[PDB]
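What follows is the content of coords.cif, which has mmCIF, N, CA and C atoms:
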data_structure
loop_
_atom_site.label_atom_id
_atom_site.label_comp_id
_atom_site.auth_asym_id
_atom_site.auth_seq_id
_atom_site.Cartn_x
_atom_site.Cartn_y
_atom_site.Cartn_z
N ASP A 146 -16.84 -13.46 -3.25
CA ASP A 146 -17.02 -14.60 -2.30
C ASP A 146 -17.88 -14.17 -1.10
N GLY A 147 -18.31 -12.91 -1.05
CA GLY A 147 -19.27 -12.38 -0.06
C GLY A 147 -18.74 -12.47 1.37
N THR A 148 -17.42 -12.38 1.54
CA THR A 148 -16.72 -12.41 2.86
C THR A 148 -16.55 -10.98 3.39
N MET A 149 -16.67 -9.97 2.51
CA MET A 149 -16.58 -8.53 2.85
C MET A 149 -17.92 -7.85 2.52
N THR A 150 -18.39 -6.97 3.42
CA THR A 150 -19.61 -6.14 3.24
C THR A 150 -19.24 -4.89 2.43
N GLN A 151 -20.21 -3.98 2.24
CA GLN A 151 -20.05 -2.69 1.52
C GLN A 151 -19.07 -1.79 2.27
N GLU A 152 -19.17 -1.76 3.61
CA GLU A 152 -18.33 -0.92 4.51
C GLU A 152 -16.89 -1.45 4.51
N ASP A 153 -16.73 -2.78 4.48
CA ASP A 153 -15.41 -3.47 4.47
C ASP A 153 -14.65 -3.13 3.18
N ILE A 154 -15.36 -3.09 2.04
CA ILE A 154 -14.78 -2.70 0.71
C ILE A 154 -14.38 -1.22 0.79
N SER A 155 -15.32 -0.36 1.20
CA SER A 155 -15.16 1.11 1.33
C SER A 155 -13.92 1.44 2.18
N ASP A 156 -13.73 0.74 3.30
CA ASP A 156 -12.57 0.91 4.21
C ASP A 156 -11.28 0.53 3.47
N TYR A 157 -11.27 -0.64 2.81
CA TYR A 157 -10.07 -1.18 2.11
C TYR A 157 -9.65 -0.23 0.99
N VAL A 158 -10.61 0.23 0.18
CA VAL A 158 -10.38 1.23 -0.90
C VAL A 158 -9.77 2.49 -0.28
N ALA A 159 -10.36 2.98 0.81
CA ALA A 159 -9.98 4.24 1.50
C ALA A 159 -8.58 4.13 2.12
N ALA A 160 -8.27 2.98 2.73
CA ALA A 160 -7.08 2.78 3.60
C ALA A 160 -5.85 2.37 2.77
N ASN A 161 -6.04 1.62 1.68
CA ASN A 161 -4.95 0.95 0.92
C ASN A 161 -4.80 1.54 -0.49
N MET A 162 -5.89 1.98 -1.13
CA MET A 162 -5.94 2.30 -2.58
C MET A 162 -6.06 3.81 -2.81
N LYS A 163 -6.97 4.50 -2.10
CA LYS A 163 -7.36 5.91 -2.38
C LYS A 163 -6.12 6.82 -2.41
N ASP A 164 -5.26 6.73 -1.38
CA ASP A 164 -4.07 7.61 -1.19
C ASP A 164 -3.12 7.48 -2.39
N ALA A 165 -2.78 6.24 -2.77
CA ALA A 165 -1.83 5.92 -3.87
C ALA A 165 -2.40 6.39 -5.21
N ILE A 166 -3.71 6.18 -5.44
CA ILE A 166 -4.43 6.60 -6.67
C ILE A 166 -4.48 8.13 -6.74
N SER A 167 -4.61 8.81 -5.59
CA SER A 167 -4.69 10.29 -5.48
C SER A 167 -3.32 10.93 -5.75
N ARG A 168 -2.23 10.16 -5.59
CA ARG A 168 -0.83 10.61 -5.84
C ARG A 168 -0.35 10.11 -7.21
N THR A 169 -1.19 9.39 -7.96
CA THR A 169 -0.88 8.83 -9.30
C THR A 169 -0.80 9.97 -10.32
N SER A 170 0.01 9.79 -11.37
CA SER A 170 0.35 10.81 -12.40
C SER A 170 -0.92 11.29 -13.12
N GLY A 171 -1.23 12.59 -13.00
CA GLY A 171 -2.31 13.27 -13.75
C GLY A 171 -3.66 13.20 -13.05
N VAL A 172 -3.73 12.59 -11.86
CA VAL A 172 -4.97 12.48 -11.05
C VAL A 172 -5.14 13.78 -10.25
N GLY A 173 -6.17 14.57 -10.56
CA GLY A 173 -6.45 15.88 -9.94
C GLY A 173 -7.15 15.74 -8.60
N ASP A 174 -8.26 15.00 -8.56
CA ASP A 174 -9.11 14.80 -7.36
C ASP A 174 -9.67 13.37 -7.38
N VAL A 175 -9.96 12.81 -6.20
CA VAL A 175 -10.47 11.42 -6.01
C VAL A 175 -11.59 11.43 -4.97
N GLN A 176 -12.83 11.13 -5.40
CA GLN A 176 -14.03 11.01 -4.53
C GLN A 176 -14.26 9.53 -4.21
N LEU A 177 -14.27 9.17 -2.92
CA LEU A 177 -14.60 7.80 -2.44
C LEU A 177 -16.12 7.65 -2.37
N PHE A 178 -16.68 6.69 -3.11
CA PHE A 178 -18.11 6.29 -3.05
C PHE A 178 -18.27 5.28 -1.90
N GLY A 179 -18.32 5.82 -0.68
CA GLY A 179 -18.22 5.08 0.60
C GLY A 179 -17.52 5.92 1.65
N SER A 180 -17.06 5.29 2.74
CA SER A 180 -16.32 5.96 3.84
C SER A 180 -15.29 5.00 4.45
N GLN A 181 -14.14 5.54 4.88
CA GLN A 181 -13.09 4.80 5.64
C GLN A 181 -13.64 4.48 7.03
N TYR A 182 -13.23 3.35 7.62
CA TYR A 182 -13.65 2.92 8.98
C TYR A 182 -13.10 3.91 10.02
N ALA A 183 -13.88 4.12 11.08
CA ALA A 183 -13.51 4.88 12.29
C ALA A 183 -13.98 4.09 13.52
N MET A 184 -13.44 4.38 14.70
CA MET A 184 -13.85 3.73 15.97
C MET A 184 -15.16 4.37 16.43
N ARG A 185 -16.29 3.81 15.98
CA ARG A 185 -17.66 4.31 16.29
C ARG A 185 -18.04 3.88 17.71
N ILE A 186 -18.19 4.85 18.61
CA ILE A 186 -18.69 4.66 20.01
C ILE A 186 -20.18 5.03 20.03
N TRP A 187 -21.06 4.04 19.81
CA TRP A 187 -22.53 4.23 19.73
C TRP A 187 -23.12 4.29 21.14
N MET A 188 -23.34 5.51 21.65
CA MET A 188 -23.74 5.79 23.06
C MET A 188 -25.22 5.46 23.27
N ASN A 189 -25.55 4.90 24.45
CA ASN A 189 -26.93 4.65 24.94
C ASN A 189 -27.22 5.65 26.06
N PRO A 190 -28.23 6.54 25.91
CA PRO A 190 -28.51 7.56 26.91
C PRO A 190 -29.11 7.01 28.22
N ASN A 191 -29.85 5.90 28.13
CA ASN A 191 -30.49 5.21 29.29
C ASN A 191 -29.39 4.71 30.24
N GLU A 192 -28.40 3.99 29.70
CA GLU A 192 -27.26 3.42 30.46
C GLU A 192 -26.33 4.56 30.92
N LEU A 193 -26.21 5.63 30.13
CA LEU A 193 -25.46 6.86 30.51
C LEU A 193 -26.14 7.52 31.72
N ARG B 818 9.12 5.06 5.83
CA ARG B 818 7.88 4.93 5.00
C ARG B 818 8.18 5.39 3.57
N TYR B 819 7.69 4.64 2.58
CA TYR B 819 7.84 4.95 1.13
C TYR B 819 6.45 4.99 0.48
N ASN B 820 6.10 6.15 -0.10
CA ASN B 820 4.79 6.43 -0.75
C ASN B 820 3.65 6.16 0.24
N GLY B 821 3.83 6.55 1.51
CA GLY B 821 2.78 6.56 2.54
C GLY B 821 2.68 5.27 3.33
N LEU B 822 3.32 4.18 2.87
CA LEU B 822 3.26 2.84 3.50
C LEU B 822 4.55 2.58 4.28
N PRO B 823 4.51 1.74 5.35
CA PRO B 823 5.73 1.33 6.05
C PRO B 823 6.71 0.64 5.09
N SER B 824 7.98 1.05 5.10
CA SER B 824 9.03 0.59 4.15
C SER B 824 10.35 0.30 4.89
N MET B 825 11.32 -0.28 4.16
CA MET B 825 12.72 -0.48 4.61
C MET B 825 13.65 -0.41 3.39
N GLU B 826 14.52 0.60 3.35
CA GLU B 826 15.44 0.89 2.22
C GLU B 826 16.60 -0.11 2.25
N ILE B 827 16.86 -0.78 1.13
CA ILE B 827 17.96 -1.78 0.96
C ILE B 827 18.86 -1.32 -0.20
N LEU B 828 20.17 -1.20 0.05
CA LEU B 828 21.19 -0.77 -0.93
C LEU B 828 22.10 -1.96 -1.26
N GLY B 829 22.70 -1.96 -2.45
CA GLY B 829 23.62 -3.02 -2.92
C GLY B 829 24.16 -2.71 -4.31
N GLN B 830 25.21 -3.44 -4.73
CA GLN B 830 25.87 -3.29 -6.05
C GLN B 830 25.73 -4.60 -6.84
N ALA B 831 25.66 -4.50 -8.17
CA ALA B 831 25.80 -5.63 -9.11
C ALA B 831 27.24 -6.15 -9.02
N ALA B 832 27.41 -7.48 -8.94
CA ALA B 832 28.72 -8.16 -8.77
C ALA B 832 29.64 -7.80 -9.94
N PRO B 833 30.98 -7.88 -9.76
CA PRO B 833 31.93 -7.56 -10.83
C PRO B 833 31.65 -8.34 -12.13
N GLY B 834 31.56 -7.62 -13.26
CA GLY B 834 31.26 -8.18 -14.59
C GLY B 834 29.79 -8.06 -14.93
N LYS B 835 28.91 -8.39 -13.98
CA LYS B 835 27.43 -8.31 -14.12
C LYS B 835 26.99 -6.84 -14.18
N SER B 836 25.89 -6.56 -14.87
CA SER B 836 25.27 -5.21 -15.01
C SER B 836 24.22 -5.02 -13.91
N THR B 837 23.81 -3.77 -13.68
CA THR B 837 22.78 -3.37 -12.68
C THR B 837 21.43 -3.99 -13.06
N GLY B 838 21.17 -4.15 -14.36
CA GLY B 838 19.94 -4.78 -14.91
C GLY B 838 19.78 -6.22 -14.44
N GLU B 839 20.87 -7.00 -14.45
CA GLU B 839 20.89 -8.42 -14.03
C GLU B 839 20.65 -8.50 -12.51
N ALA B 840 21.31 -7.63 -11.75
CA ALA B 840 21.25 -7.56 -10.27
C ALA B 840 19.81 -7.31 -9.81
N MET B 841 19.17 -6.26 -10.34
CA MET B 841 17.80 -5.83 -9.98
C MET B 841 16.79 -6.93 -10.31
N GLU B 842 16.98 -7.63 -11.44
CA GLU B 842 16.08 -8.72 -11.92
C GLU B 842 16.02 -9.83 -10.87
N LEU B 843 17.16 -10.20 -10.29
CA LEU B 843 17.27 -11.26 -9.24
C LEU B 843 16.65 -10.75 -7.93
N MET B 844 16.92 -9.49 -7.56
CA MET B 844 16.36 -8.84 -6.35
C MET B 844 14.83 -8.90 -6.39
N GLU B 845 14.24 -8.68 -7.58
CA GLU B 845 12.77 -8.77 -7.83
C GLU B 845 12.30 -10.21 -7.62
N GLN B 846 13.06 -11.19 -8.13
CA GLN B 846 12.75 -12.64 -8.02
C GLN B 846 12.74 -13.06 -6.54
N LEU B 847 13.78 -12.69 -5.79
CA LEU B 847 13.93 -13.00 -4.34
C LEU B 847 12.84 -12.28 -3.55
N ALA B 848 12.49 -11.05 -3.96
CA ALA B 848 11.43 -10.21 -3.34
C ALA B 848 10.06 -10.87 -3.52
N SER B 849 9.86 -11.59 -4.64
CA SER B 849 8.58 -12.26 -5.00
C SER B 849 8.32 -13.46 -4.08
N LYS B 850 9.38 -14.09 -3.56
CA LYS B 850 9.31 -15.33 -2.74
C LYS B 850 9.20 -14.99 -1.24
N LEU B 851 8.95 -13.73 -0.90
CA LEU B 851 8.85 -13.24 0.51
C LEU B 851 7.45 -13.54 1.05
N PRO B 852 7.23 -13.41 2.38
CA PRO B 852 5.90 -13.63 2.97
C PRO B 852 4.78 -12.79 2.34
N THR B 853 3.53 -13.21 2.55
CA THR B 853 2.30 -12.56 2.02
C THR B 853 2.16 -11.15 2.63
N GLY B 854 1.77 -10.17 1.81
CA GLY B 854 1.55 -8.77 2.22
C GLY B 854 2.81 -7.93 2.13
N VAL B 855 3.92 -8.52 1.65
CA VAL B 855 5.24 -7.84 1.50
C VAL B 855 5.50 -7.61 0.01
N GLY B 856 5.42 -6.35 -0.43
CA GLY B 856 5.75 -5.91 -1.80
C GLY B 856 7.09 -5.20 -1.84
N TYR B 857 7.41 -4.54 -2.95
CA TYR B 857 8.68 -3.80 -3.16
C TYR B 857 8.49 -2.68 -4.20
N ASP B 858 9.55 -1.88 -4.40
CA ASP B 858 9.60 -0.77 -5.39
C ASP B 858 11.05 -0.30 -5.54
N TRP B 859 11.36 0.39 -6.64
CA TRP B 859 12.68 1.01 -6.92
C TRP B 859 12.57 2.53 -6.77
N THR B 860 13.57 3.16 -6.14
CA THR B 860 13.63 4.63 -5.88
C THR B 860 14.99 5.19 -6.31
N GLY B 861 15.12 6.52 -6.32
CA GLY B 861 16.37 7.25 -6.56
C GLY B 861 17.04 6.87 -7.87
N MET B 862 18.26 6.34 -7.79
CA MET B 862 19.11 5.99 -8.97
C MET B 862 18.50 4.82 -9.74
N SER B 863 17.75 3.93 -9.07
CA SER B 863 17.10 2.73 -9.66
C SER B 863 15.82 3.12 -10.41
N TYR B 864 15.15 4.20 -9.98
CA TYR B 864 13.88 4.71 -10.57
C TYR B 864 14.14 5.24 -11.99
N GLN B 865 15.20 6.04 -12.15
CA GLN B 865 15.55 6.75 -13.42
C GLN B 865 16.50 5.90 -14.27
#
Take the structure from the file and write it as structure tokens.
Amino acid sequence: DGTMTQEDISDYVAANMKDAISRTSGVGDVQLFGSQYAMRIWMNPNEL
Amino acid sequence: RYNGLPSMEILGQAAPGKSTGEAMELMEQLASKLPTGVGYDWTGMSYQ
């Protein structure tokens, strides 16, 4: 339905799914094709 | 917390005459009619 972007999917997979799948029976390692959300503080040096 | 997510442990017995199988089946039915984003699971004696 195009209500979530690539980063929104990546966060949801990382935050809700990745941990449970990584603890699932016989799962050795789990690589996320994406990244979990973080509080990005994008600094401006001019205003600094 | 249960399996990494926020949880709340609920204990109870199957009524006299009724089996544990009948009791758990209804608990699942009542659990299904709860608000959105609220799931459930069986642990300990109920798991095995």
Next on the checklist: As a check of understanding, name the residues that the PyMOL selection byres ((chain A and name CA) within 10 of (chain B and name CA)) selects in the supplied structure, as a list in words.
Outcome noted: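 Applying the PyMOL selection byres ((chain A and name CA) within 10 of (chain B and name CA)) to the structure shown produces residues 161, 164, 165 and 168 of chain A.
From atom C of residue 818 (chain B) back to atom C of residue 832 (chain B), the distance works out to 28.6 Å.
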Next on the checklist: So that I can see what lies close to region 147-160 of chain A, please list as a ChimeraX atom specification the residues with an atom at most 8 Å from it, counting only N, CA and C atoms and leaving out residues fewer than 3 positions away in the same chain.
Outcome noted: /A:163-165,177-183
Checklist outcome for this item: Here CA of residue 853 (chain B) and CA of residue 825 (chain B) stand apart by 16.2 Å
Next on the checklist: Applying 12 Å and only C-alpha atoms, which residues near residue 826 (chain B) remain after dropping the ones on its own chain fewer than 6 positions away? List them as a PyMOL selection string.
Outcome noted: chain B and resi 818-819+857-861
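We find atom N of residue 838 (chain B) and CA of residue 855 (chain B) to be spaced 22.8 Å apart.
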Complete the atom set of region 180-191 of chain A to N, CA, C and O atoms and return it as a PDB file, in the frame of the given file.
ATOM      1  N   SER A 180     -17.060   5.290   2.740  1.00  0.00           N
ATOM      2  CA  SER A 180     -16.320   5.960   3.840  1.00  0.00           C
ATOM      3  C   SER A 180     -15.290   5.000   4.450  1.00  0.00           C
ATOM      4  O   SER A 180     -15.561   3.783   4.497  1.00  0.00           O
ATOM      5  N   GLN A 181     -14.140   5.540   4.880  1.00  0.00           N
ATOM      6  CA  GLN A 181     -13.090   4.800   5.640  1.00  0.00           C
ATOM      7  C   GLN A 181     -13.640   4.480   7.030  1.00  0.00           C
ATOM      8  O   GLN A 181     -14.423   5.295   7.555  1.00  0.00           O
ATOM      9  N   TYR A 182     -13.230   3.350   7.620  1.00  0.00           N
ATOM     10  CA  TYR A 182     -13.650   2.920   8.980  1.00  0.00           C
ATOM     11  C   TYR A 182     -13.100   3.910  10.020  1.00  0.00           C
ATOM     12  O   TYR A 182     -12.010   4.467   9.819  1.00  0.00           O
ATOM     13  N   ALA A 183     -13.880   4.120  11.080  1.00  0.00           N
ATOM     14  CA  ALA A 183     -13.510   4.880  12.290  1.00  0.00           C
ATOM     15  C   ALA A 183     -13.980   4.090  13.520  1.00  0.00           C
ATOM     16  O   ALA A 183     -14.844   3.201  13.344  1.00  0.00           O
ATOM     17  N   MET A 184     -13.440   4.380  14.700  1.00  0.00           N
ATOM     18  CA  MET A 184     -13.850   3.730  15.970  1.00  0.00           C
ATOM     19  C   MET A 184     -15.160   4.370  16.430  1.00  0.00           C
ATOM     20  O   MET A 184     -15.117   5.364  17.178  1.00  0.00           O
ATOM     21  N   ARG A 185     -16.290   3.810  15.980  1.00  0.00           N
ATOM     22  CA  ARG A 185     -17.660   4.310  16.290  1.00  0.00           C
ATOM     23  C   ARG A 185     -18.040   3.880  17.710  1.00  0.00           C
ATOM     24  O   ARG A 185     -18.170   2.664  17.946  1.00  0.00           O
ATOM     25  N   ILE A 186     -18.190   4.850  18.610  1.00  0.00           N
ATOM     26  CA  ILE A 186     -18.690   4.660  20.010  1.00  0.00           C
ATOM     27  C   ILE A 186     -20.180   5.030  20.030  1.00  0.00           C
ATOM     28  O   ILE A 186     -20.493   6.217  20.241  1.00  0.00           O
ATOM     29  N   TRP A 187     -21.060   4.040  19.810  1.00  0.00           N
ATOM     30  CA  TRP A 187     -22.530   4.230  19.730  1.00  0.00           C
ATOM     31  C   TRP A 187     -23.120   4.290  21.140  1.00  0.00           C
ATOM     32  O   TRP A 187     -23.373   3.224  21.730  1.00  0.00           O
ATOM     33  N   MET A 188     -23.340   5.510  21.650  1.00  0.00           N
ATOM     34  CA  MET A 188     -23.740   5.790  23.060  1.00  0.00           C
ATOM     35  C   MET A 188     -25.220   5.460  23.270  1.00  0.00           C
ATOM     36  O   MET A 188     -26.026   5.720  22.361  1.00  0.00           O
ATOM     37  N   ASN A 189     -25.550   4.900  24.450  1.00  0.00           N
ATOM     38  CA  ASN A 189     -26.930   4.650  24.940  1.00  0.00           C
ATOM     39  C   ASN A 189     -27.220   5.650  26.060  1.00  0.00           C
ATOM     40  O   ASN A 189     -26.550   5.627  27.088  1.00  0.00           O
ATOM     41  N   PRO A 190     -28.230   6.540  25.910  1.00  0.00           N
ATOM     42  CA  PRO A 190     -28.510   7.560  26.910  1.00  0.00           C
ATOM     43  C   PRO A 190     -29.110   7.010  28.220  1.00  0.00           C
ATOM     44  O   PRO A 190     -28.892   7.612  29.255  1.00  0.00           O
ATOM     45  N   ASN A 191     -29.850   5.900  28.130  1.00  0.00           N
ATOM     46  CA  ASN A 191     -30.490   5.210  29.290  1.00  0.00           C
ATOM     47  C   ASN A 191     -29.390   4.710  30.240  1.00  0.00           C
ATOM     48  O   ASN A 191     -29.483   5.007  31.447  1.00  0.00           O
TER      49      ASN A 191
END
